[PDB]
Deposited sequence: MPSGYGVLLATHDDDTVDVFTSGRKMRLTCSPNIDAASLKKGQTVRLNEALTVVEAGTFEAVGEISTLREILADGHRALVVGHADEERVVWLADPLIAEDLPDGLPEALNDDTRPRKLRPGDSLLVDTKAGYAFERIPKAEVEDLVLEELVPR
């Protein structure tokens, strides 16, 4: 049996901070893994000893919140959840890639919907929203 976590950060000593089992843990990576090529926000698989033995993609299901703004450091966002609760979260590396254009991937804007994991403290993906007129037609026709 393997468990999973979210990669929060890598350290120059090659250990990593991982969110797993409901908490933040400093863990090591098996020799199969180049800790320096891991991506912030990335899903990692953990063996029974909590060694990181494989890096995967990103959380793809969960809570959606609305981006208010990206903070001055470029790596955190202030997000607004369903009952107006505001939170700060880290932006997973793919959200802030320098080569995004400003339904296709693009640079984030205020009002964008973000898939977030509030316990790990991360945003992973921009979720496009179709126009309500288009959805309703599709419901009604």
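*Asks:* Unmodelled stretches of the deposited sequence, numbered from 1?
*Replies:* In sequence order, the gaps with no modelled C-alpha are 1, 104-112, 152-153.
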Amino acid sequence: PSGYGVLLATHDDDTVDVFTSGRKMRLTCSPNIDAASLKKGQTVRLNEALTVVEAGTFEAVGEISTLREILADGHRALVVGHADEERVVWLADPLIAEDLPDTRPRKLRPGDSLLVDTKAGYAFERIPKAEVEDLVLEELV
From here on, numbers count along this sequence of modelled residues.
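*Asks:* Tell me which stretch has the larger mean Cα B-factor in this entry, 92-100 or 55-63.
*Replies:* It is 92-100 that shows the higher mean C-alpha B-factor.
*Asks:* Averaging C-alpha B-factors over each stretch, which comes out higher, 23-31 or 64-72?
*Replies:* In the deposited entry, the stretch with the higher C-alpha B-factor mean is 23-31.
*Asks:* For the listed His82, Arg45, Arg87, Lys40, which has the peak Cα B-factor recorded in the PDB entry?
*Replies:* By C-alpha B-factor in the record, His82 ranks first.
*Asks:* Looking at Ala36, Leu78, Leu115, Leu108, which has the biggest Cα B factor in the entry?
*Replies:* Highest C-alpha B-factor among the listed options: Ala36.
*Asks:* Can you work out whether the C-alpha temperature factor of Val6 puts it in the lowest, middle or highest third of the chain?
*Replies:* CA B-factor rank for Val6: lowest third.
*Asks:* Which third of the chain holds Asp17 when residues are ordered by C-alpha B factor: lowest, middle or highest?
*Replies:* As the PDB entry reports it, the C-alpha B-factor of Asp17 lands in the middle third of its chain.
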